[PDB]
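Working notes, beginning with the structure itself.
The letters A, B, C, D, E, F and G name the chains in turn, as written, and every chain counts its residues from 1.
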Amino acid sequence: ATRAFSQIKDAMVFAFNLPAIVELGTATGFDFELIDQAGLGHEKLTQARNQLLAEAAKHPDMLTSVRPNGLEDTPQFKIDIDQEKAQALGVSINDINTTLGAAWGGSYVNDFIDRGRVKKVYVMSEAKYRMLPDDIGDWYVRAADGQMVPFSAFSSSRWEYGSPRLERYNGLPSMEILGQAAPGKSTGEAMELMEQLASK
Amino acid sequence: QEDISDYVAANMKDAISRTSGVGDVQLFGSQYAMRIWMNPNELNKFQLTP
Amino acid sequence: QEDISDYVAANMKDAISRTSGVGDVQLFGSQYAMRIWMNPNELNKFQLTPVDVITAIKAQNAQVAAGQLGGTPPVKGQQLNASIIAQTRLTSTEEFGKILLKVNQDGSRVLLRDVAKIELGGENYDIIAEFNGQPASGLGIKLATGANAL
Amino acid sequence: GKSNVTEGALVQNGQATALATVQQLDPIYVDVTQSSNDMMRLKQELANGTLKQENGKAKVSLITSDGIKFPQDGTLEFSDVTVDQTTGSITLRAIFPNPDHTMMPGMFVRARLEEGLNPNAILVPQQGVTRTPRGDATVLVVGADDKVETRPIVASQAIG
Amino acid sequence: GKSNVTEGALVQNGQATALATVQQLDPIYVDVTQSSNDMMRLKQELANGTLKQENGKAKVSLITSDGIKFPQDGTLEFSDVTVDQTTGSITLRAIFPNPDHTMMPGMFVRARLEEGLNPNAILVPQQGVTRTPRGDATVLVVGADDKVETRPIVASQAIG
Amino acid sequence: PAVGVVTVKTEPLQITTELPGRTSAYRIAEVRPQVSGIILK
Amino acid sequence: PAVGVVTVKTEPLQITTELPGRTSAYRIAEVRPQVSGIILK
């Protein structure tokens, strides 16, 4: 499978198999966190892990893989709801966020009864209107009196990173560093090597 | 899919989850929840918000 | 005191409550909390009450599930997926300072730091724990069943 | 239209309420509400530039609630410079022919407002551009070496 | 601008509404607006400072809502004494030159005014200032004998 | 690596800003009575 | 022991207040009619 999956571009296609308990991999595969204590946020925790993806690869002799089970820092699309600008435009803030957070992601509303059964009711935008950064400015939002205000009047909207799957352990942010024990060898020194590559 | 996922949900899941021996039934779709699709060039027509 | 009691509860408690044998960490007294000390001779200056001080903090300091560009379901012909950050929970004393209260044609837009002395501090001040007359937090550990106190 | 007065209500010398609204429909204005910084940023791109115009000012089409355009189209007559206070938004005024009375004053009909033909549009598809670092777009162009280079760009208007 | 009246509509002698609004755009005011305690404090910063010169008629620049600043600064015309009861206005007025009509009277633009400054006491780079404990930043300072001994400071206004 | 790559052909781009017009009559001209009195017929 | 000290002196810091406010024209002269009648043309 995986050899022909090298031909498939645009996707790191691979495959694997299910053990009885499916969290190990290639018969010895260890697993490991790297927790943050000092309130450094996540990117400095990520810079620690970007340094220990490399340092995992600087010892292929004992740390035979750095398999990722998280996700790389995807772009995620900021909106500066320009607060100052928004209320002085007329439109209250509590109407903006119950638009922007209930047109795009789609709020629950209540139940309804289909065929004698309770089913949810999700207000959301149509798909072609919540679809681009250009479709910010199509959301017309009421001012204080009843004149409509576009979002592009007051939503300066840049990009930024964000890890779209943040793991936590011991109540603190942390990322799932994997690894197989060296091929055929023991994980006792590979788990020991991580605790002395924990000085880097 | 969703035309099917309720038919699992409204008929099968409440019949398999009390079929004998069966513990937790985890449905993999959804119930057939009313999806209000708003339309912001109709909201600006009628001067509404969500 | 409260500077300690947050440092303990942000760093120590979640590392002590999973040291083995510990099945309970009680913390003293509480964490920080953005204490909004209102100033009623500034609230009357702006014709506000503590209703509208609370109402803006439940508005402008509210984390909003914005959603995704390219969300589910897409349009046929889609190549872009993001996840929109709306107003986050506001993360600092200064970012509550510029919590807005009204339209401002006084505009240095009406600051919550013009009516309310923003600072951090504990969640209750009923406990002052002065260890040898010197301010202290604390934590009372309770050992789990499996009571291995050594 | 109606008769807001009826056959006998006392009216005064220039009262407040109208008697009946006559109405001329054969051309029709469409008051078109551009946002402020967008009408800013389009004139901004007319001095970057280029951007272009069509040499005859201007052309606006309609797309009402069907999803097919109007049987004809017409002229952006002018562009206001008064930003409205409580919309933050320029009101363009698009004048349209209507020999059919299939326009109705107030719809509020979407105006596709065409502007001038961005003449050198480096249209990278969206599948390749990712943001490295925070808020900085990087296409990953491979050179003539068959070696990739991560040249940063500035990612403008996502068109489609 | 528009024609709020049209042909046929009766107008009255000094009527309430307006026919059309002629506007002149090349000198454009920006109603720069100030809090009440500030332009007390900045006028009590005349005894402590200020200092404004020469031509104590200050420069005002924008950060208009596309993020890029307006290309040229402008003259702060006056200072009102017209404190709005519900807000606290010391409403200023910055007249700006507007060459290409990139101002559009009626939007919001963030207007920063450049008050004069002779008392120029301290600056310090950001690394030497430990932010925490918040409220009381601590700069690590040498004593007299190379034995360092920190002081708390007042780290208020992070200039760059 | 087999990497599909797109070479940028650039020039033509019709940009149309679709945006909500609010249509109005060409002469509204509300007939207001110039002269007081009962509306007789 | 080795520290890159920056020694504090008085440094001119003309940077002052940033704030908002709506722009308005110079000249926002309306046209009101001082003559009653039909807008004939």
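The working rule: contacts are C-beta pairs under 8 Å (C-beta built on N, C-alpha and C of every residue); 3 or more make two chains touch, one makes a residue touch a chain.
Undergrad: From subunit B, count the fewest steps through touching chains until subunit C is reached.
TA: 2
Undergrad: Counting C-beta pairs in contact, which comes out ahead: E-G or A-B?
TA: Pair with more contacting C-beta pairs, A-B versus E-G: E-G.
Undergrad: Based only on mean CA positions, could you tell me how far subunit A sits from subunit C in angstrom?
TA: Roughly 23 Å separates the two chain centres.
Undergrad: From the C-alpha centre of subunit A to that of subunit F, how far is it in Å?
TA: Whole-Å distance between the two chain centres: 40.
Undergrad: So the centre of each chain is just the mean of its C-alpha atoms; given that, what is the distance between subunit A and subunit D in Å?
TA: Averaging C-alpha atoms per chain gives centres 36 Å apart.
Undergrad: Using the average of all C-alpha atoms in each chain as its centre, how far is it in Å between subunit B and subunit G?
TA: 53
Undergrad: On subunit D, where are the residues touching two or more other chains?
TA: In subunit D, the residues touching two or more other chains are 14, 22, 33, 35-38, 82, 84-85, 88, 107-108, 110, 125, 127, 157-160.
Undergrad: Give the residues of subunit A that touch two or more other chains, as numbers and ranges in rising order.
TA: 10, 74-75, 78, 84-85, 88-90, 103, 107, 127, 132-133, 140, 148, 154, 159-160
Undergrad: In the complex of these two chains, what residues of subunit F are touching subunit D?
TA: For this pair, the touching residues of subunit F are 3, 5-6, 8, 10-41.
Undergrad: Which residues of subunit E touch subunit D in the complex?
TA: 1-2, 8, 10, 12, 21, 23, 25, 64-66, 100-102, 104-108
Undergrad: In their complex, what parts of subunit A are in touch with subunit B?
TA: Within the complex, subunit A touches subunit B at residues 95, 98-99, 102-103, 107, 109, 112, 114-115, 117, 119-127, 129, 138-142, 146, 148.
Undergrad: Give the list of subunit G residues in touch with subunit C in this complex.
TA: My answer: residues 17-22.
Undergrad: Under the stated contact criterion, what part of subunit A meets subunit E in this complex?
TA: Residues 82, 84-85, 88-89, 154, 156.
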